[PDB]
Amino acid sequence: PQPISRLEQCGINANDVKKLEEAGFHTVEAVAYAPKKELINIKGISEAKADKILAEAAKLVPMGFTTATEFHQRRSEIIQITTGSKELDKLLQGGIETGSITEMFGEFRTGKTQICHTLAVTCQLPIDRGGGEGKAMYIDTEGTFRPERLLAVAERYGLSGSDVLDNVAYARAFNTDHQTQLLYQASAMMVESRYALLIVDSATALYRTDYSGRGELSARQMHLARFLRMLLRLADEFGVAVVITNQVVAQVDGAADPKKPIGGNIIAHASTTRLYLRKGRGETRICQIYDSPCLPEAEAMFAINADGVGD
Amino acid sequence: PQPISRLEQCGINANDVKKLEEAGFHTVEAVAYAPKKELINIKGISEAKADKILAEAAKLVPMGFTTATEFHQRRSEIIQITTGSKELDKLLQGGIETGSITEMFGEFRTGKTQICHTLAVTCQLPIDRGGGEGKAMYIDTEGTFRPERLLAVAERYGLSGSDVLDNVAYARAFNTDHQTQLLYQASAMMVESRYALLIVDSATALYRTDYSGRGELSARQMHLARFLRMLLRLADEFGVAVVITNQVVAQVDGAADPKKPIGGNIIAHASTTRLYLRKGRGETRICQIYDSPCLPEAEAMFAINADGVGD
Amino acid sequence: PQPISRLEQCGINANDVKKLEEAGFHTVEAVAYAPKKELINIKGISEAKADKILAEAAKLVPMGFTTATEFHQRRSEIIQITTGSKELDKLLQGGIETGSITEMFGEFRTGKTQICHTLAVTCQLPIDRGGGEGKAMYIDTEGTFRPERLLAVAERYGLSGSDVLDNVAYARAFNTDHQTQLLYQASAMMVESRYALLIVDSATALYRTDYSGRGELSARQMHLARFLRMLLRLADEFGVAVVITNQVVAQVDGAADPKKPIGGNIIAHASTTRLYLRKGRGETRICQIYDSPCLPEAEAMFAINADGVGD
DNA sequence: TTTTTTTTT
DNA sequence: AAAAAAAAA
Ligand SMILES: Nc1ncnc2c1ncn2[C@@H]1O[C@H](COP(=O)(O)OP(=O)(O)NP(=O)(O)O)[C@@H](O)[C@H]1O
Ligand SMILES: Nc1ncnc2c1ncn2[C@@H]1O[C@H](COP(=O)(O)OP(=O)(O)NP(=O)(O)O)[C@@H](O)[C@H]1O
Ligand SMILES: Nc1ncnc2c1ncn2[C@@H]1O[C@H](COP(=O)(O)OP(=O)(O)NP(=O)(O)O)[C@@H](O)[C@H]1O
């Protein structure tokens, strides 16, 4: 939450600063987490300038060794937002954390985008209810976003729907490259008001249709790695929350399970957490954890009512 | 364990010594293992000064031929720390050695960072239990570090959790270049109190996202070689232990196994040891050795309980 | 095997001789193979003195034309040491020769250092078994040397392990320049007792991490050429044997094989022989010749048992 | 002369 | 069962 204007200090030119602004950098911490080469490659910058700049990023953000205790005390206050249902709150142990990346595993009709809606509204609850009190931006990439459902959840939690829709900064990606511009604009929007959550329904879906590899493929992974790193660039700074929804890739000639998310290893190593969603009978659905260091594997039911997620 | 102040002797200027301090050198042995050119390139140093300096490094640290017997007698006392479970102690033949580099091979959900936690606590056990009695520094590079698990292992071994967390010098890298500064600061911290273990979850992960080669690539390997050499600079001096966790790179158009760690040859040649981790059913996991001169290939189960590694 | 004291003759001053001793020269033949300029450049020497000196080197060592027959008769007695397994003895046609330089081509886990161990012990066998009866010096440069394995081979050949370890003059290089001092000390040790074999695991490995060229590079090759020439200076005098282990450099944008040893041409032209080692299934490994004038290309299996090299 | 990266259905 | 393609120091 530290604007570059604070770096408009110690002899840096304000127009040099406004050169820096155009990189999509807008906070001192973003400069602190910027690799030297990215900062060099942009034109009109001698490396010594970067010595000054990075010296200032160190000047504001400490980057040394830290006690495990202090880290624990800073871990004490992560919000971990409620999902809007109890059993998920038990699975996730209080729900999805801020400052992290999450994952929807499903085949279809698993209510993953549904959960994205309910989270999108429930971030706006007062913190006592677990909401981050943070405006929510929703990067849809299939156009499947439904305001009507947001009004339904608005009925569900008693807040006026108009207030809910006043936030929820919907955006509609098409090109794989477009998502990048949407990220830089996101970072541009982060400066003004503490947002709660980024959601992405199908970060991966564009990558199937565009990169018919291999390939390709080696380019596809090449792009995803940067995308996910940028998501870390946001999440490591402004908490809020990162949600990723993945289409599924069914194996052939496997054993006994015919699933696994597309995107290969690079997605898998990146996410702090992972989830998997099998349909039950009727509305009922089954969550099941993968790859969360915080938690033992667990599984649970939830119905998708008119209010969606519940019991 | 020999501070440069001992080299504040034989006519070397104390301010020349304090020029040397800034190189990240802080021990006489580090000077002894310093190549001539690195010592020259830093400003304010005539080569004759380096003749004096190196003459003193020889003056304190012997560097001649040695009997195999003597080397055996010095090999007799390496701690090789317990992993916190018996079957791993059998695989590794008493567990991970001090003075060496180690490797986690996994795809995801293989509990490699898990093992990093349990080691991070178990270094603090009394030596009879195999702990090096050495403070542990943990260079995380995905932010996935969990103090809570350290408290769990603290329950597991009966030591108070607060004492465990009093050490564990967590540090949070972002830039690829940042890891270097964290290394020099590490070497700076080595002087004060004998540490047990360096851990790095993902030394390699930054290198994917930053160097989208080739490339690049030729620069990426160029950087990794120095990084690993520095890890040798630490490990060859202060024992403790070096742990490396590697994301995986799945082959395409191979035969029959679709794995191999990224980083290419340069990582592979460097490590004294190597490990590989396939998930079993349930919590159970399978370790399997690569590239350990000390040991025949072997493999074994272990569950990841609430206490993590065990049976 | 001719000490400089024999040159303490024909009017040369004994203190001039003891000036010469400091050059790392310790044998008359070394003086005979010394280029005029190296001998001049060292201080306190007029060129006429070098006329005397070289005249004496000619006075003891003949350096004229020789019949091919005589050379054959002197080729008749080269030991070519057994490798400790039969099929390698067939490939190498009786095993590695004395008076020569050899090469390990591998990617990792190819058992090259393993073979270095078994050779290191098997030089000590009586000559009927092919051992040179020569003490062995082992210049490790990754610290990976394991006395335990030497004890294992000692079990393998029935000689007491303590006697084996009584030799095996282990030495631990770090700097690229350090290897040079280790060479001059080696030559200093050659005078006292006929050694069998020099081994070097990774002559090349330091050169990657230190010279991140190009460069550099032009300096790197500049150093390697001298290093290899010195290895010839030893090998051309005292037989014994020279073994070189090379890390691998995988090509990009090649055809169909993604290998070749680092060090470029200068290593390649130097070695009398060359070997290449592909892993087989299980312990089994595959040797394959390069660049041996003596031999047609061939290839063969060998297992790496608890006793290492065998069948 | 140096330097491997990538899964889909 | 069966599927390529990718530089720059
Ligand atoms: N009006 C409704 N009444 C009851 N249940 C509903 C209603 N609308 C949606 N649902 C539930 O929500 C699900 C919607 O599928 P969902 O999995 O949320 O979309 P998705 O996972 O994104 N699949 P995709 O089309 O690829 O985006 C339906 O299968 C129902 O279970
Ligand atoms: N609360 C818990 N209860 C039981 N098992 C757990 C719990 N938390 C973590 N685990 C186990 O630990 C694993 C964590 O994955 P792990 O492989 O340790 O992370 P990772 O290898 O670093 N993958 P990455 O996300 O790329 O860092 C889970 O898959 C579970 O097997
Ligand atoms: N105890 C053991 N039992 C069986 N086989 C073993 C044992 N110890 C070592 N080996 C074998 O020896 C190999 C050691 O690798 P090796 O190629 O000899 O080291 P290296 O080639 O020098 N690689 P590097 O680490 O870069 O030095 C293992 O891969 C095994 O095949």
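All positions are counted from 1 along the displayed chain.
Looking at the header, which is where the method is noted, we find electron microscopy, 4.5 Å.
Cβ coordinates are placed from backbone N, Cα and C, and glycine is handled just like the others.
If you look up Swiss-Prot, you'll see B:27-56 marked as domain 'HhH'. The annotation ubiquitin cross-link is assigned in Swiss-Prot to B:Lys37, B:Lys43. The region 'Interaction with PALB2' annotation in Swiss-Prot covers B:163-236. The motif 'Nuclear export signal' annotation in Swiss-Prot covers B:224-239. For B:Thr284, the entry in Swiss-Prot reads phosphothreonine.
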Largest tally of Cβ atoms lying within 10 Å of a Cβ, found at which of the recorded sites B:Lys37, B:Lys43: B:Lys37
Gap of 4 residues [B:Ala256 to B:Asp257], endpoint C-alpha distance in angstrom: 7
Rounded inter-Cα distance in Å - B:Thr284 (phosphothreonine), B:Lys37 (ubiquitin cross-link): 50
Number of other Cβ atoms within 10 Å of the Cβ of the residue listed as 'phosphothreonine' across all protein chains: 13
Rounded Cα-Cα span from B:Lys37 (ubiquitin cross-link) to B:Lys43 (ubiquitin cross-link), Å: 12
The domain 'HhH' (B:27-56) - residue tally per DSSP class, helix then strand then coil: 21 helix, 1 strand, 8 coil
